[PDB]
Amino acid sequence: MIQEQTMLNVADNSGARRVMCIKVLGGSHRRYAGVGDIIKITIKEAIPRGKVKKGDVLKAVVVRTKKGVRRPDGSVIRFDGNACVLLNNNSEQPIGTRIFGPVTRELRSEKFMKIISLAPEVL
Amino acid sequence: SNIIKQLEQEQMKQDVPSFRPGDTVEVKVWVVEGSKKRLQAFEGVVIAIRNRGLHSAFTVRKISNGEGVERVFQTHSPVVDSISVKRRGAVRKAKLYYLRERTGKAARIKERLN
Amino acid sequence: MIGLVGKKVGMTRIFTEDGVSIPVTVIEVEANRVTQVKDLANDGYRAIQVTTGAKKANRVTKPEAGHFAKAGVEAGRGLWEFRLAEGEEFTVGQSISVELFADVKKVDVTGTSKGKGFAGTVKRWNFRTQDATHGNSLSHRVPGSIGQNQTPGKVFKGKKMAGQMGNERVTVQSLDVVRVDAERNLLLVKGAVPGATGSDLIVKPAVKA
Amino acid sequence: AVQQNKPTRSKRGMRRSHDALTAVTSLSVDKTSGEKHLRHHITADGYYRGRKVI
Amino acid sequence: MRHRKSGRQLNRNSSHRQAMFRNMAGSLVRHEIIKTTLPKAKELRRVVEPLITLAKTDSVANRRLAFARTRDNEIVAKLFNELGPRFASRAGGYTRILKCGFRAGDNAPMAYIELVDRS
RNA sequence: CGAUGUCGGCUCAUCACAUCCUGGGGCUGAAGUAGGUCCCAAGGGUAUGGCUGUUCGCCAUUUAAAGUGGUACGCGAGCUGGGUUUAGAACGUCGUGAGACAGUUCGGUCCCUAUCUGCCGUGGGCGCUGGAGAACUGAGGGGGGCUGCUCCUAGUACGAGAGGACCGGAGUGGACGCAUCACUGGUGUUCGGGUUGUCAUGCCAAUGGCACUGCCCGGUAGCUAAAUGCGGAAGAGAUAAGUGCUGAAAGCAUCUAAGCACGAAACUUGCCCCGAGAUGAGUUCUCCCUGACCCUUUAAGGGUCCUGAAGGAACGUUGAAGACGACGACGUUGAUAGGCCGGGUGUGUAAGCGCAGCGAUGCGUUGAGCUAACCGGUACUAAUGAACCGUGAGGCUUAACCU
RNA sequence: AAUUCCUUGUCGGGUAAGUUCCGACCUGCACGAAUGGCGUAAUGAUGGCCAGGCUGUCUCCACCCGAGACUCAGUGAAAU
RNA sequence: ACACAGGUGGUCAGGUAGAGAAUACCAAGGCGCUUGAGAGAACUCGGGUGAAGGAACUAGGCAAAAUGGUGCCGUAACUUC
RNA sequence: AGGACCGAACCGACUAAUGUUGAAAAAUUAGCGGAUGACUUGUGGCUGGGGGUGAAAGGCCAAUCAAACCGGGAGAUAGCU
Ligand SMILES: [Mg+2]
Ligand SMILES: [Mg+2]
Ligand SMILES: [Mg+2]
Ligand SMILES: [Mg+2]
Ligand SMILES: [Mg+2]
Ligand SMILES: [Mg+2]
Ligand SMILES: [Mg+2]
Ligand SMILES: [Mg+2]
Ligand SMILES: [Mg+2]
Ligand SMILES: [Mg+2]
Ligand SMILES: [Mg+2]
Ligand SMILES: [Mg+2]
Ligand SMILES: [Mg+2]
Ligand SMILES: [Mg+2]
Ligand SMILES: [Mg+2]
Ligand SMILES: [Mg+2]
Ligand SMILES: [Mg+2]
Ligand SMILES: [Mg+2]
Ligand SMILES: [Mg+2]
Ligand SMILES: [Mg+2]
Ligand SMILES: [Mg+2]
Ligand SMILES: [Mg+2]
Ligand SMILES: [Mg+2]
Ligand SMILES: [Mg+2]
Ligand SMILES: [Mg+2]
Ligand SMILES: [Mg+2]
Ligand SMILES: [Mg+2]
Ligand SMILES: [Mg+2]
Ligand SMILES: [Mg+2]
Ligand SMILES: [Mg+2]
Ligand SMILES: [Mg+2]
Ligand SMILES: [Mg+2]
Ligand SMILES: [Mg+2]
Ligand SMILES: [Mg+2]
Ligand SMILES: [Mg+2]
Ligand SMILES: [Mg+2]
Ligand SMILES: [Mg+2]
Ligand SMILES: [Mg+2]
Ligand SMILES: [Mg+2]
Ligand SMILES: [Mg+2]
Ligand SMILES: [Mg+2]
Ligand SMILES: [Mg+2]
Ligand SMILES: [Mg+2]
Ligand SMILES: [Mg+2]
Ligand SMILES: [Mg+2]
Ligand SMILES: [Mg+2]
Ligand SMILES: [Mg+2]
Ligand SMILES: [Mg+2]
Ligand SMILES: [Mg+2]
Ligand SMILES: [Mg+2]
Ligand SMILES: [Mg+2]
Ligand SMILES: [Mg+2]
Ligand SMILES: [Mg+2]
Ligand SMILES: [Mg+2]
Ligand SMILES: [Mg+2]
Ligand SMILES: [Mg+2]
Ligand SMILES: [Mg+2]
Ligand SMILES: [Mg+2]
Ligand SMILES: [Mg+2]
Ligand SMILES: [Mg+2]
Ligand SMILES: [Mg+2]
Ligand SMILES: [Mg+2]
Ligand SMILES: [Mg+2]
Ligand SMILES: [Mg+2]
Ligand SMILES: [Mg+2]
Ligand SMILES: [Mg+2]
Ligand SMILES: [Mg+2]
Ligand SMILES: [Mg+2]
Ligand SMILES: [Mg+2]
Ligand SMILES: [Mg+2]
Ligand SMILES: [Mg+2]
Ligand SMILES: [Mg+2]
Ligand SMILES: [Mg+2]
Ligand SMILES: [Mg+2]
Ligand SMILES: [Mg+2]
Ligand SMILES: [Mg+2]
Ligand SMILES: [Mg+2]
Ligand SMILES: [Mg+2]
Ligand SMILES: [Mg+2]
Ligand SMILES: [Mg+2]
Ligand SMILES: [Mg+2]
Ligand SMILES: [Mg+2]
Ligand SMILES: [Mg+2]
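This deposited entry lists cryo-EM as its structure determination method and 3.9 Å as its resolution.

A.B. asks: Can you walk me through the packing of aromatic side chains in this structure?
C.D. replies: Inspection of every chain in the model, using the stated rule, returns four aromatic pairs over all chains. Centroid distance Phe58 of chain B to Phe73 of chain B: 5.6 Å. Interplanar angle 45°. Geometry classified as tilted. In this pair, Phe58 of chain B sits in strand β4 (residues 57-64) while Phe73 of chain B sits in the loop between β5 (67-72) and β6 (80-88), placing the two residues 15 residues apart along the sequence. The residues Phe58 of chain B and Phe73 of chain B share a single accessibility class, namely buried. Measuring from ring centre to ring centre gives 5.6 Å for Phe87 of chain E and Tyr94 of chain E, while their planes differ by 50°; the resulting arrangement is tilted. Lying over the aromatic face of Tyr97 of chain B, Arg100 of chain B brings its terminal NZ or CZ to 5.0 Å of the ring centre.

A.B. asks: What should I look at first to understand the packing of helix α4 (residues 62-70) of chain E against helix α5 (residues 73-81) of chain E in this one?
C.D. replies: In a packed pair of helices, the relevant descriptors are the angle between the two axes and the axis-to-axis distance. Residue and element names in this part refer to chain E. For the pair α4 and α5, the least separation of the axes is 9 Å and the interaxial angle reads 130°. Relative to α5, α4 is oriented oblique. As α4 runs across α5, the sense of the crossing is right-handed. Counting all contacts with α4, which are made through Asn62, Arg63, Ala66, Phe67 and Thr70, the residues of α5 involved are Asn73, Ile75, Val76 and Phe80. Of the residues belonging to the contact of α4 with α5, the class tally is five nonpolar, three polar and one charged.

A.B. asks: Is there a simple way to explain empty space enclosed by the protein in this structure?
C.D. replies: Here the idea is plain: a probe the size of a water molecule rolls over the atoms and shows the empty space left. Scanning the entire structure with this criterion turns up four cavities of 30 Å³ or more. Considering only enclosed or pocket space, the largest cavity measures out at about 70 Å³ in volume. As for the largest cavity, its lining consists of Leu7, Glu8, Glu10 and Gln11 of chain B together with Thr12, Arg13, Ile14, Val24, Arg179 and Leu188 of chain C. The dominant element in the lining of the largest cavity, judged by the number of residues it contributes, is strand β1 (residues 4-15) of chain C, at three residues. Of the residues belonging to the lining of the largest cavity, the class tally is four nonpolar, two polar and four charged. In this model, the second largest cavity occupies a volume close to 50 Å³. In this structure, the second largest cavity is lined by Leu4, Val29, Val98, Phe101, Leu186, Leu187 and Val203 of chain C.

A.B. asks: For this particular structure, what's the right way to read the protein's contact with RNA strand G?
C.D. replies: Inspection of the region around RNA strand G gives 24 residues, with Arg31 of chain A, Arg141 of chain C, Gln3 of chain D together with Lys5 and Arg17 of chain E positioned closest. At a separation of 3.4 Å, a phosphate oxygen of RNA strand G approaches a polar backbone atom of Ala132 of chain C. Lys5 of chain E places a side-chain nitrogen or oxygen 2.8 Å from a phosphate oxygen of RNA strand G. Taken together, the residues that form the surface near RNA strand G break down as six nonpolar, twelve polar and six charged.

A.B. asks: Sorry if this is basic, but what is going on with the protein's contact with RNA strand F here?
C.D. replies: In the vicinity of RNA strand F, 139 residues are found, and the nearest of them are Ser1 of chain B, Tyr45 and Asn136 of chain C, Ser28 of chain D together with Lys42 of chain E. By atom count, sugar and phosphate contribute 71% of the portion of RNA strand F lying within 4 Å of the protein. A distance of 2.8 Å separates a phosphate oxygen of RNA strand F from a polar atom in the backbone of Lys62 of chain C. Residue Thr197 of chain C places a main-chain N or O atom 3.0 Å away from a base nitrogen belonging to RNA strand F.

A.B. asks: Please clarify how the nonpolar core should be interpreted in this entry.
C.D. replies: Side chains of a nonpolar character, in soluble globular proteins, are inclined to be buried together. Residues and elements named next belong to chain E. Membership of the largest hydrophobic core comes to 25 residues, with the highest contact counts inside it found for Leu28, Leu44, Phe87 and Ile113. Where this core is concerned, the elements lending two or more residues are α1 (19-31), α3 (45-56) and α5. No other element matches the six residues that α1 contributes to this core. The residues touching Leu28, leaving out its near neighbours within four places in the chain, are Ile33, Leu44, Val48, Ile113 and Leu115.

The rules behind these values
Residues numbered from 1 in each chain as written, not as in the entry; some residues may be left out. Chains lettered and ligands numbered in written order. Part of a larger assembly, values for the part shown. Heavy atoms only, no water. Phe/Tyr/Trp six-rings, centres within 6.5 Å; stacked < 30°, edge-to-face > 60°. Helix = DSSP H or I, 4+ residues; strand = E, 2+ residues; numbered from the N terminus. Buried < 20%, exposed > 50% of the residue type's maximum accessible area, 1.4 Å probe, protein only. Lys NZ or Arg CZ within 6 Å of the ring centre and 35° of its normal. Axes fitted to C-alpha atoms, helices over the stretch in contact; angles between N-to-C directions. Parallel < 35°, antiparallel > 145°, perpendicular 65-115°, else oblique. Left-handed = near helix turned anticlockwise from the far one by under 90°. Contact = heavy atoms within 4.5 Å. Nonpolar A, V, L, I, M, F, W, Y, C, P; charged D, E, K, R; others polar. 1 Å grid on protein atoms, 1.4 Å probe; cavity = no way out; pocket = protein on both sides within 12 Å on 5 of 7 lines; lining within 4 Å. Points joined across faces, edges and corners; volume = space filled by probe spheres on them. Near = heavy atom within 4 Å. Polar contact = N/O pair within 3.5 Å; in protein donor to acceptor, adjacent residues only side chain to side chain. Core = buried A, V, L, I, M, F, W, Y, C linked by side-chain atoms within 4.5 Å.

Here's what the structure looks like:
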């Protein structure tokens, strides 16, 4: 449940550690994005030197929501930080090479089979 | 209604153990992927139990890899296989939500004897 | 096809071999019984009129009890009517069993609504409210403006405003039936069928599936 | 919120038509003191269906 | 909306709607019948009679619980000495409402609320 | 001119079609893909932000699309007052000055209970020509119609390659709506606890009052959406542009004059709702009244008496029905509410006692005590015997079976 | 610039984007030296702008307790 | 002009906290403010709470939320010290 | 020591919501500024319509201001309704 003006933590190794959503994509008048979606973010606070600088505009994917994901059995899975994984505007697959934290099971599909190998806990 | 509670005693299970709030729970969830169906553990404190017969639940919380995870369950569901207690504690509340903003040494629950 | 009449008692959930939590509800359906058969030459249209339930002897009235004993049935509580088609053979004395839905996958459910009183303009028709601040005085929830100036110079017919909310006959379609009950006379249908519990609903095979 | 004509006694009565106060339809009677008290109410004496309360 | 709720607001706030029913329940057990209006006496019912169903089973702790309910040293002793055993067989219903018309200066529809025992 | 408040935003729309999307056909300097351009088509849908007082505009970024217009450049008896606009003040510039200047910054009171037409809801009287209890047929009306993408066919055809479909199928999502609360949560000043400050219940303990529930932590049923079920259809008919078949006028070509076939979200239906105050007032299976008379109104008329039934109104208990009406259940044959026992659910070891200790406090009885609406129960309390209204074969004409 | 019309002049930071803001250029329509020039520590219920904290301002409004508005009883206006 | 949520100078100063005539509860003392009884709608005034995000609202952080006391360590450019 | 600071009395009145035939013909509730000084306040006396008074807005001078209130010329005059 990520809308515009949502300040996200960055899960991966690609230098950013605080981003800000600016749009959600894939349908008019859209309000909310959970896992599996492709939001568009700026980058607000990198590290001293990394693959992407301050002020880049590039797509992403929300991987860890505080609203949580909802299973078939009604059970919810909630986190403690709104956080995303960076991406690439021309390849739809990430920039960094190491994913911290756990990601959810409901993301696996052959658009996104590369963040389920690096993640240490497919929850 | 005894038209509700005639089918709300067919779906239930008789293999659920007993636990209070504030203890560590090992939960073996069944997981599908591809063709294999296999087990996966879960281990953390439980901070909210809800008692509604068929509709009962609880909430397990663990700091896995820095990203703190809470997860509710459905107690009488066939996605949970077994539930065990591991170390039972003594809190004088039953909705521990002060264990949400609190991490590390100061977020403990002391042991319960007897 | 030949509908039936049930009463919604509660809401529960059926689980699966997998772990799906299917929402479901229990409409109790006793064995309904034919009361008046019509056709074209008798009345003008082929149909069926039935009644199930139970009503007390000292409050069934002398017009109704004559219609009851004209058939030979018990003291039910309603009077409902179902239209029909051709290709059927029927009488009056035979009562309809509860297993008519035992081979249909998708059904339809009609009933009453709940009564939400004299509603509001922000509540019924979903009018987005205005500024609760920033200068605005005494117009936080009103429906704003309703007509043009002087041409028409009147409020059009078909406008939406405050009024009574629901409390009428509504219809949900194509629903999912999972299980019947020959033992305690139930129907388990997936979802949230209309009306509060303690009301009587009209269930039928779905008109288009 | 300002009128533009003075309406008539005809419209005044046409509004005043629905003011039809009816009286009590019938009273009811005791069985040990015998007066015409209201239906489901005590007497001025203090009787109700046989009992003398106070 | 008010669906399936309970209670009655009675045009007073909720620091008032316990401090009034204290005095009303401090007078009803005193005089065993009083004259008060009909919504104030249809819902004084379940404020006085669970106070007597509690007082049926005498203890030491109930002499503090009903002391919390009433705050009157007279009424706790009378409620546990006289009005306790005198209804020690019924399954509740220690009250009775009797309509007594209306009232003078305000057209207030009154009532007589009583215990079953005066004779 | 004895006054119709003016630009732009917010809130609600409705029609127009010179049509932005989506639907069907012809041309191309159209291989496919994507386009060019007119012709038919208005059912439905139409961006969130930065900047200035701004419609526009520029820019960042989506989508199938970010249409064009009238409606007092819609809408201040519905709402901001920033713009231009009153009184103050200043800068440029002009005049000697008083002061001006589509030049500019700064601060600057937006009044009203709806009489009537109108519109959304809820109702009483009467008519429907014997009177009452219900269920319905439906002439008309009214909401509804949207679209993305991935996968199969198929990497087929086309194409040198590069690329890359028609036509049909299977799945999943957003915007908009209908419900309901079982699951996830929200509120829960009526249900448990902790806690400060102070005064009283004689006092220690124990409980209650007040300071926004004093501050908080939890929370039942209900109300709710972010919570999850369903919808938009498929089909039939005649149709707009266009392609036809047969074929004279005009012995030949000719969709047209005779006739015959196809054709799209527009049309009528099909889906659903209130629907006999449709005066063209209906259809429809049921239950009740089968007494005497005199008076001039000589019969469709007025009155005295046993008659007062069907059934409804009123009164009390009330509700997942509700502004008041109205709709629904119960009325001693009966669970309609309040009570009560057993339970559930919420909070979290009550007071009292004995031990430990300097004391705060823990430990035992103890998952104990209290418990709002909540599911199945109990006649102890409340719902009174009656009385009140509705009557006694239905008017006339004409047609048809029958004694 | 509180004075600059052509104008959103021109460039650079600030923002993904900045007709306002801060820093420079001077082609100043029409600043300028006691109707004063430029500058400045503190101060202002002062003009303009960005940032952290905070949340119904808002996307999106849901529930709750009170004084009114609706019913019954007494008194009983006003604009037109 | 009203038995008016308006205004009008001096004198006295109790407890438990408290820096104190602030504030919270009180005793001495005074009043419940001259219309009520009900039901628990739209809407409006005055308020308490809120899941995910946190100024995207708008002319503008307008309103609201938040900070908030005593003791100790510490404290930048700039300057008329 | 202060035309010092935080802050009740006291004086003033910056913003917003109430209300604009309201409790008031300018107030009330939550916030605000000054608060040993060029302050605030009770009493008395002084100034006077082309004149008074003004830390200067044409402000204020008995709910009246670019020339007050009352009586007189005055039944001022009016090509205008
Ligand atoms: Mg209702
Ligand atoms: Mg808005
Ligand atoms: Mg106002
Ligand atoms: Mg307001
Ligand atoms: Mg006129
Ligand atoms: Mg109830
Ligand atoms: Mg006029
Ligand atoms: Mg004019
Ligand atoms: Mg056209
Ligand atoms: Mg074309
Ligand atoms: Mg149209
Ligand atoms: Mg349109
Ligand atoms: Mg159509
Ligand atoms: Mg905006
Ligand atoms: Mg701006
Ligand atoms: Mg724009
Ligand atoms: Mg115009
Ligand atoms: Mg025009
Ligand atoms: Mg326009
Ligand atoms: Mg206009
Ligand atoms: Mg207007
Ligand atoms: Mg406007
Ligand atoms: Mg202005
Ligand atoms: Mg009126
Ligand atoms: Mg009216
Ligand atoms: Mg009617
Ligand atoms: Mg139609
Ligand atoms: Mg719920
Ligand atoms: Mg439930
Ligand atoms: Mg609470
Ligand atoms: Mg105390
Ligand atoms: Mg004590
Ligand atoms: Mg007190
Ligand atoms: Mg209080
Ligand atoms: Mg909770
Ligand atoms: Mg709840
Ligand atoms: Mg055809
Ligand atoms: Mg030919
Ligand atoms: Mg031809
Ligand atoms: Mg379609
Ligand atoms: Mg169609
Ligand atoms: Mg019973
Ligand atoms: Mg009972
Ligand atoms: Mg019980
Ligand atoms: Mg418990
Ligand atoms: Mg306690
Ligand atoms: Mg104890
Ligand atoms: Mg123990
Ligand atoms: Mg307990
Ligand atoms: Mg019950
Ligand atoms: Mg400037
Ligand atoms: Mg200039
Ligand atoms: Mg300019
Ligand atoms: Mg710039
Ligand atoms: Mg500059
Ligand atoms: Mg100058
Ligand atoms: Mg000079
Ligand atoms: Mg100053
Ligand atoms: Mg900004
Ligand atoms: Mg008042
Ligand atoms: Mg009133
Ligand atoms: Mg009245
Ligand atoms: Mg008075
Ligand atoms: Mg008063
Ligand atoms: Mg009152
Ligand atoms: Mg209310
Ligand atoms: Mg709050
Ligand atoms: Mg919030
Ligand atoms: Mg909370
Ligand atoms: Mg903005
Ligand atoms: Mg503020
Ligand atoms: Mg505040
Ligand atoms: Mg002053
Ligand atoms: Mg001012
Ligand atoms: Mg004030
Ligand atoms: Mg000060
Ligand atoms: Mg000072
Ligand atoms: Mg003069
Ligand atoms: Mg004056
Ligand atoms: Mg003069
Ligand atoms: Mg003269
Ligand atoms: Mg004259
Ligand atoms: Mg003259």
